[PDB]
Amino acid sequence: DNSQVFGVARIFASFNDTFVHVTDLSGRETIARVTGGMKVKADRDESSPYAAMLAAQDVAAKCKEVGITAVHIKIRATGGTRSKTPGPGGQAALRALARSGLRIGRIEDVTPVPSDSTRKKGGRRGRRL
Amino acid sequence: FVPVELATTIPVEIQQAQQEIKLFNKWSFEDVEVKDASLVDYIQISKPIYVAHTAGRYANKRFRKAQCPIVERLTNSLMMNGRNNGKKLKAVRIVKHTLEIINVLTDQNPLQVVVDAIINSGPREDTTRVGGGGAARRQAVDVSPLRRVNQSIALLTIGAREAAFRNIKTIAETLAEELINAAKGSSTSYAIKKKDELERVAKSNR
Amino acid sequence: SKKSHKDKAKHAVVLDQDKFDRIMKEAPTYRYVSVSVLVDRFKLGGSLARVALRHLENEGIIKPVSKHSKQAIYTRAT
Amino acid sequence: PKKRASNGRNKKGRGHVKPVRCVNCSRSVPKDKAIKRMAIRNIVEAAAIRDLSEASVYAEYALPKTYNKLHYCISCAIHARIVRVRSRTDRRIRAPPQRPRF
Amino acid sequence: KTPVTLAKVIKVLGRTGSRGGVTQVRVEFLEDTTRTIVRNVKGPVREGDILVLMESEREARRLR
Amino acid sequence: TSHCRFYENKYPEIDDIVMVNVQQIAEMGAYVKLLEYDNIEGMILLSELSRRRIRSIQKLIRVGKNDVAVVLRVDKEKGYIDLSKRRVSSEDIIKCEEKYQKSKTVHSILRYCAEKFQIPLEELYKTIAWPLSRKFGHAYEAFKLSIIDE
RNA sequence: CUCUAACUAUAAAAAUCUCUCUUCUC
Ligand SMILES: [Mg+2]
Ligand SMILES: [Mg+2]
Ligand SMILES: [Mg+2]
Ligand SMILES: [Mg+2]
Ligand SMILES: [Zn+2]
């Protein structure tokens with residue numbers, strides 16, 4: 001316990017436009033919401049790993065500016081009724097937050113899993129791409 | 001300095017002490033340095049030659065193309081436009097003139113200058129055709145060192161030719177001034193300008 | 001196609017005495033000298049570019065480095 | 001002609017089974033003809049464990065794994081290569097692909 | 001801030017791409033003998049070259 | 001002698017909206033001149049060209065005509081522009097179309113002024129246009145109030 | 001004659017088609 005003031009990065013990684021949003025332990029106080037679509041232009045690449053690194057590096061910079069040094073992780077897919085699977089980008093954001101100075105510990109997944117309700121969007125035959 | 005009598009009198013500068021092989025009996029490969037640590041082993045300044053034209057089997061194998069003397073690759077790449085595909089003698093004369101020009105402009109023994117120009121103008125990132133049909137995109141890819149050398153040669157010679165086309169200035173001197181611009185970061189050079197453009201397109205499409 | 005170049009003579013076909021003064025004091029301050037450069041300074045048309053350059057080899061004003069045709073490469077007496 | 005003796009359903013004595021939505025295209029399919037994969041993976045990819053390993057508090061952290069089944073409609077199962085279009089005599093082999101690594 | 005880094009290729013991981021003209025390799029950095037990373041390369045490479053990477057950590061994947 | 005850009009600084013800015021005259025197309029789009037700022041060129045890139053899929057490259061560009069534009073990252077060292085055409089909002093195009101025509105008229109007048117006075121445009125915009133743009137936000141409104149108020 | 005550990009990541013659009021059908025016996 002060498003005074004690692006803690007944070008929770010709470011990457012929310014969807015199949016498009018992932019999120020990195022570091023807040024206090026209680027989660028009440030936000031620090032650098034800055035997201036995936038913040039730093040990319042295509043709007044198709046919002047989920048791309050490069051968006052993850054860009055968002056992660058800038059939120060890490062803001063993290064050093066404020067003072068937070070150690071971070072716990074709340075990885076979250078879209079969850080609910082949608083696909084239950086972590087977004088492609090968010091993993092790259094995890095890697096970047098690991099790299100850029102920040103100390104990391106206590107990795108957790110908090111994807112909201114339902115207990116079978118709220119009939120999934122799409123109809124019977126479902127998406128028919 | 002130690003001349004040898006024979007029945008046939010070899011001239012002064014050819015017979016004197018020339019166990020010190022020079023490019024055109026003028027410029028030495030010694031003191032020539034490779035700045036970037038990568039492209040060493042991809043340029044053959046280690047091998048001294050007396051002319052910039054040695055017709056050897058340098059393309060049958062996968063990688064023997066790298067053993068070619070760099071000056072000869074430059075020569076062989078001067079000849080473009082289709083019509084002037086051959087005529088190496090023309091290319092070697094042009095490159096010899098250009099080496100003399102580089103000897104004029106910034107004495108710096110020209111071979112170092114051309115090597116530095118080659119090193120600088122290499123594009124470290126390229127793009128690739130990846131987008132499938134509908135949502136076409138431009139992927140960013142790293143580049144081979146050997147491909148960097150070959151690309152540098154191609155862009156330099158292309159800039160020289162486009163500078164010389166229907167222009168009072170000659171190919172030898174246009175090549176020389178392009179090499180001078182390319183030794184430094186003189187963006188006036190067409191080659192470095194295209195290298196920058198390619199790098200930027202790759203970067204903006206990471 | 002259209003003659004949209006908008007180019008004037010852009011050289012000198014017949015010299016001036018003032019032009020001769022220009023070339024005479026001009027051999028200094030131009031360390032690289034070639035017929036191309038001499039035309040480039042709007043002062044020589046090019047037909048007489050070689051004529052003038054060869055004239056500069058009257059007092060050894062500019063020594064040759066390589067006297068091959070198709071060009072001319074010279075450097076001042078120093 | 002009956003393509004599969006097991007009728008390709010695996011219901012065989014149940015009348016009717018609750019439906020489950022596909023994971024990609026969300027097509028509802030009986031929970032038995034509902035090709036299904038245990039997607040167990042380390043929360044971090046093995047390619048990036050080392051960066052985590054030497055730059056983290058809590059020396060020798062658990063590095064947990066994420067668990068979930070995936071339920072596909074067979075259309076997705078075929079197109080997304082989860083299930084291949086096997087040959088005739090090779091259809092009646094139900095053993096998984098020889099425990100991919102062993 | 002020009003972090004031009006150098007990575008010597010230690011192993012070549014096949015050739016990918018729809019064109020088939022790109023090659024993925026595992027490269028170990030010249031400095032920091034510890035780290036290795038997988039990256040794409042355009043143009044021929046063999047075991048021992050030195051890739052000049054502007055960017056370091058953008059580990060690309062198999063490309064279709 | 002046409003020069004001396006319309007707004008304060010020579011180089012484009014962050015997320016600014018401009019318009020472009022197009023001249024040339026090599027592979028990745030068109031590095032072509034501006035006529036909202038000085039006369040510099042800029043890259044229009046194909047992945048960021050048009051809303052629909054890029055079916056043809058000749059039709060949508062129209063070499064030698066005026067087109068919408070937005071600059072992403074300004075090369076404030078040498079004079080390069082990374083420029084876009086797709087990501088300009090439908091309401092944003094028309095309001096920039098104004099700004100652009102707004103800028104053009106002042107130059108059209110001060111051109112005539114310079115050509116008849118043979119003073120380079122730079123001095124005229126320095127002396128007249130910039131103080132007007134500072135005082136009234138636009139040299140066009142300054143000209144309109146000049147018509148009314150001396 | 002002793003055993004049960006790995007893992008990824010695609011889908012844009014493509015409509016139609018005029019004839020002429022002819023033996024096997026040593
Ligand atoms: Mg289908
Ligand atoms: Mg019963
Ligand atoms: Mg089944
Ligand atoms: Mg019809
Ligand atoms: Zn499905």
# chains A, B, ... in the order shown; residues from 1 in each chain; ligands from 1
call {"tool": "closest_atom_pairs", "arguments": {"of": "chain F", "to": "chain A", "cutoff": "10 Å", "atoms": "only C-alpha atoms", "output": "Markdown table"}}
result
| residue | atom | partner | partner_atom | distance |
| --- | --- | --- | --- | --- |
| F:47 | CA | A:42 | CA | 8.4 |
| F:48 | CA | A:42 | CA | 7.7 |
| F:72 | CA | A:41 | CA | 8.8 |
| F:84 | CA | A:41 | CA | 10.0 |
| F:86 | CA | A:42 | CA | 9.8 |
| F:87 | CA | A:41 | CA | 8.5 |
call {"tool": "residues_near_ligand", "arguments": {"ligand": "ligand 3", "cutoff": "6 Å", "atoms": "only C-alpha atoms (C1' of nucleotides) and all ligand atoms", "output": "NGL selection string"}}
result
:D and (8 or 33 or 35)
call {"tool": "write_last_selection", "arguments": {"atoms": "N, CA, C and O atoms", "output": "mmCIF file, in the first residue's frame"}}
result
data_model
loop_
_atom_site.group_PDB
_atom_site.id
_atom_site.type_symbol
_atom_site.label_atom_id
_atom_site.label_comp_id
_atom_site.auth_asym_id
_atom_site.auth_seq_id
_atom_site.Cartn_x
_atom_site.Cartn_y
_atom_site.Cartn_z
ATOM 1 N N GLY D 8 -31.895 -34.711 -37.420
ATOM 2 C CA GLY D 8 -31.196 -33.445 -37.358
ATOM 3 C C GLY D 8 -31.750 -32.483 -36.342
ATOM 4 O O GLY D 8 -31.528 -31.278 -36.455
ATOM 5 N N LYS D 33 -31.694 -27.960 -31.771
ATOM 6 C CA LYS D 33 -31.057 -27.753 -33.066
ATOM 7 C C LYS D 33 -30.406 -26.380 -33.015
ATOM 8 O O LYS D 33 -30.605 -25.543 -33.895
ATOM 9 N N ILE D 35 -27.008 -25.141 -32.388
ATOM 10 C CA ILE D 35 -25.577 -25.398 -32.316
ATOM 11 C C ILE D 35 -24.858 -24.386 -31.438
ATOM 12 O O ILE D 35 -25.101 -23.175 -31.506
#
call {"tool": "closest_atom_pairs", "arguments": {"of": "chain D", "to": "range 21-41 of chain E", "cutoff": "10 Å", "atoms": "only C-alpha atoms", "output": "JSON lines"}}
result
{"residue": "D:47", "atom": "CA", "partner": "E:37", "partner_atom": "CA", "distance": 8.3}
{"residue": "D:48", "atom": "CA", "partner": "E:37", "partner_atom": "CA", "distance": 9.5}
{"residue": "D:50", "atom": "CA", "partner": "E:35", "partner_atom": "CA", "distance": 9.0}
{"residue": "D:51", "atom": "CA", "partner": "E:35", "partner_atom": "CA", "distance": 9.2}
call {"tool": "residues_near_ligand", "arguments": {"ligand": "ligand 4", "cutoff": "12 Å", "atoms": "only C-alpha atoms (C1' of nucleotides) and all ligand atoms", "output": "number ranges by chain"}}
result
G: 15-17
call {"tool": "write_last_selection", "arguments": {"atoms": "N, CA and C atoms (P, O5', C5', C4', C3', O3' and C1' of nucleotides)", "output": "PDB file, in the first residue's frame"}}
result
ATOM      1  P     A G  15     -29.112 -11.426 -60.126  1.00  0.00           P
ATOM      2  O5'   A G  15     -30.454 -11.393 -60.981  1.00  0.00           O
ATOM      3  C5'   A G  15     -31.480 -10.464 -60.674  1.00  0.00           C
ATOM      4  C4'   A G  15     -32.261 -10.068 -61.900  1.00  0.00           C
ATOM      5  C3'   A G  15     -32.255 -11.062 -63.045  1.00  0.00           C
ATOM      6  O3'   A G  15     -33.172 -12.119 -62.848  1.00  0.00           O
ATOM      7  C1'   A G  15     -31.846  -8.899 -63.884  1.00  0.00           C
ATOM      8  P     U G  16     -32.834 -13.590 -63.388  1.00  0.00           P
ATOM      9  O5'   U G  16     -33.115 -13.489 -64.949  1.00  0.00           O
ATOM     10  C5'   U G  16     -34.392 -13.096 -65.428  1.00  0.00           C
ATOM     11  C4'   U G  16     -34.347 -12.771 -66.896  1.00  0.00           C
ATOM     12  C3'   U G  16     -33.866 -13.891 -67.801  1.00  0.00           C
ATOM     13  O3'   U G  16     -34.916 -14.781 -68.134  1.00  0.00           O
ATOM     14  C1'   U G  16     -32.770 -11.865 -68.364  1.00  0.00           C
ATOM     15  P     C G  17     -34.623 -16.332 -68.428  1.00  0.00           P
ATOM     16  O5'   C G  17     -33.876 -16.317 -69.831  1.00  0.00           O
ATOM     17  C5'   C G  17     -34.512 -15.782 -70.986  1.00  0.00           C
ATOM     18  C4'   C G  17     -33.639 -15.902 -72.207  1.00  0.00           C
ATOM     19  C3'   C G  17     -33.210 -17.323 -72.554  1.00  0.00           C
ATOM     20  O3'   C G  17     -33.188 -17.491 -73.966  1.00  0.00           O
ATOM     21  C1'   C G  17     -31.297 -15.976 -72.224  1.00  0.00           C
TER      22        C G  17
END
call {"tool": "residues_near_ligand", "arguments": {"ligand": "ligand 1", "cutoff": "12 Å", "atoms": "only C-alpha atoms (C1' of nucleotides) and all ligand atoms", "output": "PyMOL selection string"}}
result
(chain A and resi 127-129) or (chain D and resi 25+74-76+78-80) or (chain G and resi 11)
call {"tool": "write_last_selection", "arguments": {"atoms": "N, CA, C and O atoms (P, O5', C5', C4', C3', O3' and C1' of nucleotides)", "output": "PDB file, in the first residue's frame"}}
result
ATOM      1  N   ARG A 127     -32.402 -11.420 -38.034  1.00  0.00           N
ATOM      2  CA  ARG A 127     -31.676 -10.687 -39.055  1.00  0.00           C
ATOM      3  C   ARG A 127     -31.410 -11.594 -40.242  1.00  0.00           C
ATOM      4  O   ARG A 127     -31.029 -12.754 -40.083  1.00  0.00           O
ATOM      5  N   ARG A 128     -31.642 -11.071 -41.434  1.00  0.00           N
ATOM      6  CA  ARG A 128     -31.538 -11.893 -42.625  1.00  0.00           C
ATOM      7  C   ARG A 128     -30.578 -11.253 -43.608  1.00  0.00           C
ATOM      8  O   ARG A 128     -30.894 -11.100 -44.790  1.00  0.00           O
ATOM      9  N   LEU A 129     -29.415 -10.853 -43.112  1.00  0.00           N
ATOM     10  CA  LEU A 129     -28.386 -10.253 -43.942  1.00  0.00           C
ATOM     11  C   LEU A 129     -28.008 -11.160 -45.108  1.00  0.00           C
ATOM     12  O   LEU A 129     -28.151 -12.380 -45.029  1.00  0.00           O
TER      13      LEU A 129
ATOM     14  N   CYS D  25     -27.576 -13.514 -35.920  1.00  0.00           N
ATOM     15  CA  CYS D  25     -28.707 -12.962 -36.644  1.00  0.00           C
ATOM     16  C   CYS D  25     -30.001 -13.014 -35.853  1.00  0.00           C
ATOM     17  O   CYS D  25     -31.041 -12.601 -36.373  1.00  0.00           O
ATOM     18  N   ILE D  74     -28.371 -22.421 -37.447  1.00  0.00           N
ATOM     19  CA  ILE D  74     -27.450 -23.242 -38.220  1.00  0.00           C
ATOM     20  C   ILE D  74     -26.952 -22.496 -39.446  1.00  0.00           C
ATOM     21  O   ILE D  74     -25.862 -22.785 -39.951  1.00  0.00           O
ATOM     22  N   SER D  75     -27.720 -21.531 -39.946  1.00  0.00           N
ATOM     23  CA  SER D  75     -27.228 -20.725 -41.055  1.00  0.00           C
ATOM     24  C   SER D  75     -25.941 -20.012 -40.666  1.00  0.00           C
ATOM     25  O   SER D  75     -24.930 -20.090 -41.375  1.00  0.00           O
ATOM     26  N   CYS D  76     -25.950 -19.342 -39.515  1.00  0.00           N
ATOM     27  CA  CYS D  76     -24.741 -18.695 -39.030  1.00  0.00           C
ATOM     28  C   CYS D  76     -23.666 -19.726 -38.736  1.00  0.00           C
ATOM     29  O   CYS D  76     -22.486 -19.509 -39.026  1.00  0.00           O
ATOM     30  N   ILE D  78     -23.007 -22.380 -40.213  1.00  0.00           N
ATOM     31  CA  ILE D  78     -22.355 -22.844 -41.424  1.00  0.00           C
ATOM     32  C   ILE D  78     -21.530 -21.729 -42.034  1.00  0.00           C
ATOM     33  O   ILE D  78     -20.373 -21.930 -42.415  1.00  0.00           O
ATOM     34  N   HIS D  79     -22.103 -20.530 -42.120  1.00  0.00           N
ATOM     35  CA  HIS D  79     -21.374 -19.449 -42.765  1.00  0.00           C
ATOM     36  C   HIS D  79     -20.197 -18.985 -41.922  1.00  0.00           C
ATOM     37  O   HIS D  79     -19.109 -18.740 -42.451  1.00  0.00           O
ATOM     38  N   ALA D  80     -20.381 -18.868 -40.614  1.00  0.00           N
ATOM     39  CA  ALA D  80     -19.288 -18.447 -39.751  1.00  0.00           C
ATOM     40  C   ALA D  80     -18.334 -19.575 -39.427  1.00  0.00           C
ATOM     41  O   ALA D  80     -17.589 -19.477 -38.447  1.00  0.00           O
TER      42      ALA D  80
ATOM     43  P     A G  11     -18.617  -7.479 -42.591  1.00  0.00           P
ATOM     44  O5'   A G  11     -19.454  -7.878 -43.886  1.00  0.00           O
ATOM     45  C5'   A G  11     -18.840  -7.874 -45.170  1.00  0.00           C
ATOM     46  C4'   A G  11     -19.451  -8.898 -46.092  1.00  0.00           C
ATOM     47  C3'   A G  11     -20.808  -8.522 -46.678  1.00  0.00           C
ATOM     48  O3'   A G  11     -20.922  -9.085 -47.980  1.00  0.00           O
ATOM     49  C1'   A G  11     -21.018 -10.516 -45.450  1.00  0.00           C
TER      50        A G  11
END
call {"tool": "closest_residue", "arguments": {"among": "D:20, D:39, D:29, D:5", "to": "chain G", "atoms": "only C-alpha atoms (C1' of nucleotides)"}}
result
D:39
call {"tool": "residues_near_ligand", "arguments": {"ligand": "ligand 2", "cutoff": "10 Å", "atoms": "only C-alpha atoms (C1' of nucleotides) and all ligand atoms", "output": "PyMOL selection string"}}
result
chain D and resi 13-15
call {"tool": "atom_distance", "arguments": {"atom1": "CA of residue 37 in chain F", "atom2": "CA of residue 38 in chain A"}}
result
27.2 Å
call {"tool": "atom_distance", "arguments": {"atom1": "CA of residue 18 in chain A", "atom2": "CA of residue 90 in chain A"}}
result
6.2 Å
call {"tool": "closest_residue", "arguments": {"among": "D:102, D:67, D:72, D:58", "to": "ligand 5", "atoms": "only C-alpha atoms and all ligand atoms"}}
result
D:72
call {"tool": "select_by_dssp", "arguments": {"residues": "chain D", "states": "strand (DSSP E or B)", "output": "number ranges by chain"}}
result
D: 19-21, 28-30, 36-38, 41-42, 56, 65-66, 69-71
call {"tool": "interface_residues", "arguments": {"of": "chain A", "to": "chain G", "cutoff": "12 Å", "atoms": "only C-alpha atoms (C1' of nucleotides)", "output": "MDAnalysis selection string"}}
result
chainID A and resid 15 48:49 85:89 128:129
call {"tool": "residues_around", "arguments": {"residues": "residue 27 in chain A", "least_positions_apart": "6", "cutoff": "10 Å", "atoms": "only C-alpha atoms (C1' of nucleotides)", "output": "ChimeraX atom specification"}}
result
/A:7-10,21
call {"tool": "residues_around", "arguments": {"residues": "residue 36 in chain D", "least_positions_apart": "6", "cutoff": "12 Å", "atoms": "only C-alpha atoms (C1' of nucleotides)", "output": "PyMOL selection string"}}
result
chain D and resi 20-23+29-30+68-74+76-77+82-83
call {"tool": "atom_distance", "arguments": {"atom1": "CA of residue 21 in chain F", "atom2": "CA of residue 63 in chain F"}}
result
7.5 Å
call {"tool": "interface_residues", "arguments": {"of": "chain E", "to": "chain A", "cutoff": "9 Å", "atoms": "only C-alpha atoms", "output": "ChimeraX atom specification"}}
result
/E:57-60
call {"tool": "write_last_selection", "arguments": {"atoms": "N, CA and C atoms", "output": "CSV table (one decimal), in the first residue's frame"}}
result
chain,number,residue,atom,x,y,z
E,57,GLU,N,3.0,-0.2,-31.0
E,57,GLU,CA,2.2,-1.1,-30.4
E,57,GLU,C,0.9,-1.5,-31.2
E,58,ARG,N,0.8,-1.0,-32.4
E,58,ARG,CA,-0.4,-1.3,-33.2
E,58,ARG,C,-0.2,-2.7,-33.8
E,59,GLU,N,-0.6,-3.7,-33.0
E,59,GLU,CA,-0.4,-5.1,-33.4
E,59,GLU,C,-1.6,-5.4,-34.3
E,60,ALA,N,-1.3,-5.4,-35.6
E,60,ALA,CA,-2.4,-5.8,-36.6
E,60,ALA,C,-2.6,-7.3,-36.5
call {"tool": "interface_residues", "arguments": {"of": "chain F", "to": "chain G", "cutoff": "12 Å", "atoms": "only C-alpha atoms (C1' of nucleotides)", "output": "ChimeraX atom specification"}}
result
/F:52-55
call {"tool": "residues_around", "arguments": {"residues": "range 111-115 of chain B", "least_positions_apart": "6", "cutoff": "8 Å", "atoms": "only C-alpha atoms (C1' of nucleotides)", "output": "list in words"}}
result
residues 27, 28, 29, 31, 32, 33, 34, 99, 102, 179, 180 and 183 of chain B
call {"tool": "write_last_selection", "arguments": {"atoms": "C-alpha atoms", "output": "short mmCIF file (atom, residue, chain, number, x, y, z; two decimals), in the first residue's frame"}}
result
data_model
loop_
_atom_site.label_atom_id
_atom_site.label_comp_id
_atom_site.auth_asym_id
_atom_site.auth_seq_id
_atom_site.Cartn_x
_atom_site.Cartn_y
_atom_site.Cartn_z
CA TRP B 27 35.29 8.68 -55.91
CA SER B 28 36.10 6.23 -53.13
CA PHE B 29 33.68 3.93 -51.34
CA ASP B 31 34.28 6.90 -45.68
CA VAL B 32 30.80 6.21 -47.14
CA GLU B 33 28.46 5.66 -44.19
CA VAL B 34 24.95 4.24 -43.90
CA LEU B 99 28.37 12.08 -59.57
CA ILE B 102 27.43 16.14 -56.67
CA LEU B 179 19.96 13.87 -54.96
CA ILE B 180 21.14 17.07 -53.27
CA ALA B 183 20.38 14.21 -48.87
#
call {"tool": "residues_around", "arguments": {"residues": "range 30-36 of chain C", "least_positions_apart": "5", "cutoff": "12 Å", "atoms": "only C-alpha atoms (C1' of nucleotides)", "output": "short mmCIF file (atom, residue, chain, number, x, y, z; two decimals) with N, CA and C atoms, in the first residue's frame"}}
result
data_model
loop_
_atom_site.label_atom_id
_atom_site.label_comp_id
_atom_site.auth_asym_id
_atom_site.auth_seq_id
_atom_site.Cartn_x
_atom_site.Cartn_y
_atom_site.Cartn_z
N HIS B 97 28.23 11.75 -64.91
CA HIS B 97 28.09 13.20 -64.88
C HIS B 97 27.45 13.65 -63.58
N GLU B 100 29.77 13.66 -60.79
CA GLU B 100 30.62 14.84 -60.86
C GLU B 100 29.89 16.08 -60.35
N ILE B 101 28.61 16.21 -60.68
CA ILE B 101 27.85 17.38 -60.22
C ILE B 101 27.78 17.39 -58.71
N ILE B 102 27.49 16.23 -58.12
CA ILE B 102 27.43 16.14 -56.67
C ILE B 102 28.80 16.44 -56.09
N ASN B 103 29.86 16.08 -56.81
CA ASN B 103 31.20 16.49 -56.40
C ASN B 103 31.33 18.00 -56.41
N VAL B 104 30.65 18.67 -57.33
CA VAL B 104 30.65 20.12 -57.36
C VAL B 104 29.81 20.63 -56.20
N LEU B 105 28.52 20.33 -56.23
CA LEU B 105 27.60 20.86 -55.23
C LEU B 105 27.82 20.17 -53.90
N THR B 106 28.26 20.92 -52.88
CA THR B 106 28.60 20.29 -51.57
C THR B 106 29.64 19.19 -51.82
N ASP B 107 30.91 19.56 -51.99
CA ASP B 107 32.00 18.59 -52.30
C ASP B 107 31.72 17.20 -51.72
N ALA B 164 13.26 16.41 -66.14
CA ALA B 164 14.00 16.62 -67.37
C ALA B 164 13.11 16.66 -68.60
N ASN B 167 12.41 19.79 -71.03
CA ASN B 167 12.98 20.82 -70.18
C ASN B 167 14.41 21.08 -70.60
N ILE B 168 14.80 22.35 -70.59
CA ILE B 168 16.15 22.72 -71.00
C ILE B 168 17.18 22.05 -70.10
N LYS B 169 16.87 21.93 -68.81
CA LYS B 169 17.78 21.25 -67.91
C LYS B 169 17.96 19.79 -68.33
N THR B 170 19.15 19.26 -68.07
CA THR B 170 19.49 17.91 -68.51
C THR B 170 19.21 16.88 -67.42
N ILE B 171 19.14 15.62 -67.84
CA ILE B 171 18.85 14.53 -66.91
C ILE B 171 19.94 14.41 -65.86
N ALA B 172 21.20 14.50 -66.28
CA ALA B 172 22.29 14.36 -65.32
C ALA B 172 22.17 15.38 -64.20
N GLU B 173 21.95 16.65 -64.55
CA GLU B 173 21.92 17.69 -63.54
C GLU B 173 20.62 17.66 -62.75
N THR B 174 19.50 17.31 -63.40
CA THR B 174 18.26 17.21 -62.65
C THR B 174 18.34 16.10 -61.62
N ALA B 176 21.12 15.15 -60.29
CA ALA B 176 22.05 15.64 -59.28
C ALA B 176 21.35 16.53 -58.27
N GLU B 177 20.56 17.48 -58.74
CA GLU B 177 19.89 18.39 -57.82
C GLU B 177 18.84 17.66 -57.00
N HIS C 11 14.58 34.32 -72.58
CA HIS C 11 16.01 34.14 -72.78
C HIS C 11 16.52 35.34 -73.56
N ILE C 23 27.83 38.58 -67.60
CA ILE C 23 28.46 37.26 -67.61
C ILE C 23 29.89 37.34 -67.09
N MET C 24 30.58 38.44 -67.39
CA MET C 24 31.97 38.57 -66.97
C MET C 24 32.09 38.64 -65.45
N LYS C 25 31.30 39.50 -64.81
CA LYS C 25 31.37 39.52 -63.35
C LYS C 25 30.52 38.43 -62.72
N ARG C 41 19.40 31.68 -65.97
CA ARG C 41 19.39 33.05 -65.49
C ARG C 41 18.91 34.03 -66.56
N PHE C 42 18.11 33.55 -67.51
CA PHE C 42 17.40 34.38 -68.48
C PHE C 42 18.35 35.18 -69.36
N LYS C 43 19.65 34.99 -69.15
CA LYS C 43 20.64 35.84 -69.77
C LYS C 43 21.17 35.28 -71.09
N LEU C 44 21.12 33.97 -71.27
CA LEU C 44 21.62 33.33 -72.48
C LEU C 44 20.51 32.50 -73.09
N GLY C 45 20.33 32.64 -74.41
CA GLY C 45 19.30 31.86 -75.08
C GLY C 45 19.58 30.37 -75.03
N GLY C 46 20.83 29.99 -75.24
CA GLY C 46 21.20 28.59 -75.24
C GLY C 46 22.01 28.20 -76.45
N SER C 47 21.67 28.75 -77.61
CA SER C 47 22.52 28.56 -78.78
C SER C 47 23.89 29.14 -78.54
N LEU C 48 23.94 30.33 -77.96
CA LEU C 48 25.19 30.96 -77.57
C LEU C 48 25.59 30.66 -76.14
N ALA C 49 24.83 29.81 -75.43
CA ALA C 49 25.25 29.42 -74.09
C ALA C 49 26.60 28.74 -74.12
N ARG C 50 26.74 27.75 -75.01
CA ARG C 50 28.02 27.09 -75.18
C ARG C 50 29.08 28.06 -75.68
N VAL C 51 28.69 28.97 -76.57
CA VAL C 51 29.64 29.95 -77.11
C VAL C 51 30.24 30.78 -75.98
N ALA C 52 29.37 31.34 -75.14
CA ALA C 52 29.84 32.16 -74.03
C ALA C 52 30.65 31.33 -73.05
N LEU C 53 30.17 30.12 -72.73
CA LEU C 53 30.88 29.31 -71.74
C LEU C 53 32.29 28.99 -72.23
N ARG C 54 32.41 28.63 -73.50
CA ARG C 54 33.73 28.40 -74.08
C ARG C 54 34.56 29.67 -74.06
N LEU C 56 34.45 31.89 -71.72
CA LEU C 56 34.97 31.98 -70.37
C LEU C 56 36.25 31.19 -70.20
N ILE C 61 39.13 31.43 -66.62
CA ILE C 61 38.22 31.93 -65.60
C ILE C 61 37.53 30.77 -64.88
N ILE C 62 37.09 29.77 -65.64
CA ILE C 62 36.43 28.59 -65.11
C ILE C 62 37.12 27.36 -65.68
N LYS C 63 37.77 26.58 -64.81
CA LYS C 63 38.43 25.37 -65.26
C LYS C 63 37.40 24.27 -65.52
N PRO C 64 37.65 23.38 -66.47
CA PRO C 64 36.75 22.24 -66.66
C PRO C 64 36.97 21.19 -65.59
N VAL C 65 35.89 20.48 -65.28
CA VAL C 65 35.96 19.25 -64.51
C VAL C 65 35.72 18.04 -65.39
N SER C 66 34.76 18.14 -66.31
CA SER C 66 34.56 17.15 -67.35
C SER C 66 34.07 17.88 -68.59
N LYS C 67 34.83 17.78 -69.68
CA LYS C 67 34.59 18.54 -70.89
C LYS C 67 33.82 17.73 -71.93
N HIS C 68 33.03 16.75 -71.49
CA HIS C 68 32.23 15.97 -72.41
C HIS C 68 31.15 16.84 -73.04
N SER C 69 30.71 16.42 -74.23
CA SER C 69 29.61 17.09 -74.90
C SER C 69 28.31 16.82 -74.14
N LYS C 70 27.21 17.29 -74.72
CA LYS C 70 25.87 17.13 -74.16
C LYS C 70 25.71 17.90 -72.86
N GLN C 71 26.78 18.57 -72.43
CA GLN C 71 26.83 19.32 -71.18
C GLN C 71 28.19 20.01 -71.11
N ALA C 72 28.42 20.71 -70.01
CA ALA C 72 29.69 21.36 -69.73
C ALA C 72 29.76 21.67 -68.25
N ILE C 73 30.80 21.17 -67.57
CA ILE C 73 30.90 21.28 -66.12
C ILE C 73 32.22 21.96 -65.77
N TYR C 74 32.12 23.07 -65.03
CA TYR C 74 33.26 23.94 -64.80
C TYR C 74 33.18 24.50 -63.38
N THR C 75 34.33 24.98 -62.90
CA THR C 75 34.40 25.57 -61.56
C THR C 75 35.46 26.67 -61.57
N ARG C 76 35.22 27.73 -60.80
CA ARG C 76 36.02 28.94 -60.93
C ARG C 76 37.48 28.70 -60.55
N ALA C 77 38.35 29.57 -61.06
CA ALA C 77 39.76 29.55 -60.69
C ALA C 77 39.91 29.99 -59.24
N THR C 78 40.50 29.12 -58.42
CA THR C 78 40.65 29.41 -56.99
C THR C 78 42.05 29.05 -56.50
#
